[PDB]
Amino acid sequence: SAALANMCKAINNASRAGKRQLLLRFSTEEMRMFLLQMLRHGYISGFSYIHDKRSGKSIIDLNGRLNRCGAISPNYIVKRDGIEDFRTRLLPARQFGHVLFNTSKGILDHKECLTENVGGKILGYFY
Amino acid sequence: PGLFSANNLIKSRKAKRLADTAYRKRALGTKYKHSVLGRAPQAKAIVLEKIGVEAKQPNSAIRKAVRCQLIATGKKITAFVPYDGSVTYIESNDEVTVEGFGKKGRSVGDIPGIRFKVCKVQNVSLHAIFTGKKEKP
Amino acid sequence: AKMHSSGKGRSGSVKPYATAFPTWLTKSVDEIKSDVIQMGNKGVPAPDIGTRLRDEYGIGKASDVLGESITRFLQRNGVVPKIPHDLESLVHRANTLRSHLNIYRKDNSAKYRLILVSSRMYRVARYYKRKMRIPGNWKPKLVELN
RNA sequence: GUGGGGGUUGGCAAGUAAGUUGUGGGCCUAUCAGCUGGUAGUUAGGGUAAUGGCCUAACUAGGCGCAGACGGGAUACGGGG
RNA sequence: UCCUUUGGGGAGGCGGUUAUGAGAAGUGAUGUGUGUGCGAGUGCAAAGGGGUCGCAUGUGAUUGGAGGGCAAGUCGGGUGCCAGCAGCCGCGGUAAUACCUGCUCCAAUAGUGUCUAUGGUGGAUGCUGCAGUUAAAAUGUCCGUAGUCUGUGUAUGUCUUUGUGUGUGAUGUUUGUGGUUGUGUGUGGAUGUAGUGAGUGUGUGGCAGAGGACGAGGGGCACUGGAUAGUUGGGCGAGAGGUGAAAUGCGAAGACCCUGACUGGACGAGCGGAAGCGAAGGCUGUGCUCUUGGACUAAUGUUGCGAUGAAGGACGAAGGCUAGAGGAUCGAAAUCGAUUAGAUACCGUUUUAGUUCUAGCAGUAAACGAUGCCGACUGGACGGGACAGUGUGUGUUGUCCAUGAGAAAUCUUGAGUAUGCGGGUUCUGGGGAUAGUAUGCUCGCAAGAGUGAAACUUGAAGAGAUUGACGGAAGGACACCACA
RNA sequence: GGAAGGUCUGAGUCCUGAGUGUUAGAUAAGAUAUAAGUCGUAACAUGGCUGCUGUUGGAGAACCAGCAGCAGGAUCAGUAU
């Protein structure tokens, strides 16, 4: 989760400069679960990663649609009744944005966690 | 600030709080040690002398005060007699009730060194004698 | 990001992805094994064995000929040193500083080196005791300062 | 019980009450850092309505501590509120 | 109402007294008194009260303010830096919108002001969520244990156990604070399900070893260069030295200057730089020797052995102190001569401790880039130093321009990466002054260092920049009230 | 305990030793607010000897001198035959 926060600062830097692609010289397993949840929601075009028997590599394809992404350290523990307070602190409006949690069913955003009756540890957000 | 670090944060933030002066008098239990009337809001006293004090410049004046004796603790204090021509109702060996000024234990205005204020004179309000509602003692 | 200095250099080797077995070998595979096991008996340290294999035999990765690493091969053949090479180089460096300081007392430069060299040796010893490679009561054998 | 020796009618089960005991919690303070002799334990007996150093005899050398012991201070009855 | 239910009960009930809080009505009105008094009935153990009727009857506002903050007067008359007012800023010296007195108006109203404690105000204690180049604040430098972080304690269904409070429905005590009455919620535990499967293999950070180079990094030994001073041979014949100008002081027992020989301590010029090395303090003659560092280059070994760091430890300019050695130059203290109104000073003469080396103590600096450590990411231009390659790369480093940031000056491997606020882990600050002062304790031969208050006082103290005024400030022009 | 007495619990009296507060004292060193002053002029301009930090000696008083350091300076800089 030190690799998750490093990735979000490098994405904010390129999305502000108008880049199309981003190459990072590292790649972890839960860094790739966070990126697969931005792809199915429409915020990036795609990505791909290389195997080199070093720390890994990853290439992100940006879109033009991202306003910001972040990570929360440390990963607090939130019951299913406390999901909704973390949403009013992190997203600008009530109609868009996604807060992601690491639950006992995988990685879900805050709309799914309410339709499955679970809580977990917070990872990050993006809008 | 890890998730298992709450004993390091209570230890650290309690020590920073002592740098606040108002909090430090309460936490160490020494808020009423050096105080001429302790925990009372008003106090009685008997009048020894009747003096006049200069205003602090740039103001020209002479403010009328009295030297008293606190009946409860035997400490000497000076107090200020507010209104116009009102220092002449009191005599010596009179009893008087004094109270604060209202600014946390500092002096107010151009009056140097005085932290108290005469309120009554032998159980009669001093402000009512000046407006004509009551009669002098 | 070095341990005891602010150095940030990046030099060093990079081994290939997915090597193979050498065809250009001149000797036999069984004639090479009996020589890696000979040099281990003369007390040659394992980082220096791999430098002879590379420079004189054509073996770039000995895990493709011996079937495993160098110091696991020597172990099955009954050659297990009393202390590993990492730890014993550091005892030896800390003895040559201690006996220079016995003749030249005013060398304040070497007295500072002795502190850093020797706290690096107690950190490496603590690792081999957690891992059960030396006894729990091992002490370094040291020249005695005067 | 192949002798004898005690007691003077006092019970059972529910209900109600009471005693004893384990762990856990933000008053302030390091110009308070080392503390402890029935003190930590074992074995026997006494006492108790009842477990237990609760108490005694003999023997072992233990027990607590920067995750704050042992001390000292301020207008300290604890909760529901 | 209960205990002991016609016995007992200062438990408990009933009034009275009191600006304790909270709620609800009044102080009038034109068609036809919201008050007070009395009379019936009701009520109670006996009575007050209250509400259902009638009879007369007619009464009932204050407290704090009017210069700004802050709603409301340059209205009359008095006083003249007086008397007084004013939480804060401020007013008053014969021209008071601020004091005293009279009118008029403003806010709330059976209430409205004052003194004291406390929540908010305060992102001015900061978990969310502050600041630390110059405003208060990163510690002189490395090493390092506990702890934190990294490497290899969760959610939820069902059941159970506990609140007098409270969230939220219903219900015309005439309305209301209320009362009655439906439903939800607070802490621990038991038993299932899900995450959840486990060490393996690989070698990404570090460490250890290899190769050829680079460096005023350190200790020791042996030599060397000239200048200052002095001793001693030869020459000369009256002043030399230093100052704004001179005086004390030195010179015919021959100074100063020029020459042949020697002795001694200290120092290492020029080359010498926005060049190198060391943890920092610091380090420039030559040759030997024992030790040392970082970078680079690579199909070597190992396999996470790591980051930060109260407690502990070592090192640390100059001055000072303790013992021995040494003594060229300079020089506190002392002393005379000048200058001056006076100079115990600046300038000078005579003369010391000290300045050097060896062995130690001590522990401070504008010990400064006034700028924690580690990790991720980011435009150009011209350079330097080392290594390796061949048209480039890695580690370091100087100058100049954007973007971005900032209170600005300014910053460019950071003082950048959004109040769009969370990468790991420490320290220090919380208006000024009292004061780094008292007192206790630890260390020192001492000189002192480290840690570190309060009473009392006070409305600003401070940062960066703007326009003026001034300088016993620097330039460029000028002029017979300036020179030639 | 037949008694003389023994045992347990133990207030109180008399004496010594720490602690934690509060307070009187001849003399006497500071701090702060004043008045109304006396003596000088250390700092701010190259403030008339540039200024400041540490250390050690000295003076009626500000302060002065020696050794090293800093610019928050009065210099971001000047022609190698």
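**Student:** For the layout of surface pockets, give the residues involved together with the corresponding values.
**Tutor:** Within this model, the largest pocket holds a volume of roughly 820 Å³. Lining the largest pocket are 25 residues, with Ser35(B), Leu37(B), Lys104(B), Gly105(B) and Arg115(B) sitting closest to its centre. With three residues, the top contributor of residues to the lining of the largest pocket is helix α2 (residues 21–27) of chain B. In this structure, the second largest pocket spans a volume of roughly 520 Å³. In terms of lining residues, the second largest pocket is bounded by 19 residues, among which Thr71(C), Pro81(C), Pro84(C), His85(C) and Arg133(C) are the most central. Elements with a contribution of two residues or more to the lining of the second largest pocket: α2 (46–57), α3 (70–76) and α4 (85–100) of chain C. With three residues, the top contributor of residues to the lining of the second largest pocket is α3(C). Its residues placed into classes, the lining of the second largest pocket shows 11 nonpolar, five polar and three charged.

**Student:** So what's going on with the interface of chain A and chain C? Residues and values would help.
**Tutor:** At the interface, five residues of chain A touch five residues of chain C. Taken together, both faces of the contact between chain A and chain C bury some 280 Å²; the carbon and sulfur share is 42%. Summed over the shared surface of chain A and chain C, the result is zero salt bridges. On the surface where chain A and chain C come into contact, there are one residue pair in polar contact. Here the residues of the side of chain A that touches chain C are counted per class, giving no nonpolar, one polar and four charged.

**Student:** Lay out a positive patch on the surface in plain terms, naming residues and giving numbers.
**Tutor:** Residue and element names in this part refer to chain B. Together, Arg-17, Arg-24, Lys-25, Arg-26, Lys-31 and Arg-39 give the surface a local cluster of positive charge. With three residues, α2 is the largest single contributor of residues to the positive patch. Structurally, the position occupied by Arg-17 is in helix α1 (residues 6–17). Taking the relative accessible area as the measure of exposure, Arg-17 reaches 47% and is therefore partly exposed.

Conventions and cut-offs
Within each chain the numbering goes from 1 in written sequence order, not necessarily matching the entry, and residues lacking coordinates are not shown. All chains are assigned letters beginning with A, and all ligands numbers beginning with 1, in the order in which they are written. What appears here is a fragment of a larger assembly, so each number quoted concerns just the fragment shown. Each side-chain value is worked out from all heavy atoms of the structure, with water and hydrogens disregarded. Residues are said to line a cavity or pocket when one of their atoms sits within 4 Å of a point; the points come from a 1 Å grid over protein atoms alone, cavities being sets where a 1.4 Å probe fits but cannot get out and pockets being open sets with protein on both sides within 12 Å along at least five of seven lines. Grid points are joined across faces, edges and corners, and a volume is the space filled by probe spheres set on the points. Strands here are runs of E lasting at least two residues and helices are runs of H or I lasting at least four, both read from the DSSP assignment and numbered beginning at the N terminus. Residue type decides the class: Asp, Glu, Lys and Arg count as charged, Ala, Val, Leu, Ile, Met, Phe, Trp, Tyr, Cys and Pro as nonpolar, and the leftover types, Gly among them, as polar. By the convention used here, residues are in contact when the closest approach between their heavy atoms is within 4.5 Å. Put simply, buried area is how much 1.4 Å-probe accessible surface two parts lose in total, over both of them, once they are put together. A pairing counts as a salt bridge when a side-chain nitrogen of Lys or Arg comes within 4 Å of a carboxyl oxygen of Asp or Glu. Nitrogen and oxygen atoms within 3.5 Å of one another constitute a polar contact, given that in protein one can donate a hydrogen and the other can accept it, and given that sequence-neighbouring residues count only through two side-chain atoms. Patches draw on residues past 30% relative accessible area with no salt bridge. Two like charges within 9 Å are joined, as are two nonpolar side chains (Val, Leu, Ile, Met, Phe, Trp, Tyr) within 5 Å. Throughout, the Shrake-Rupley method with a 1.4 Å probe supplies accessible areas, and for residues the shown protein chains are the sole cover considered. Charge convention: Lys and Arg are scored as positive, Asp and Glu as negative, and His as well as the terminal groups of each chain are ignored. Where a charge lies is defined by one atom per residue type, namely NZ (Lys), CZ (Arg), CG (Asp) and CD (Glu). When accessible area is computed with a 1.4 Å probe and restricted to protein chains, residues below 20% of their type maximum are described as buried, those above 50% as exposed, and intermediate ones as partly exposed.

In short, the description is geometric, and any link to function would need to be established separately.
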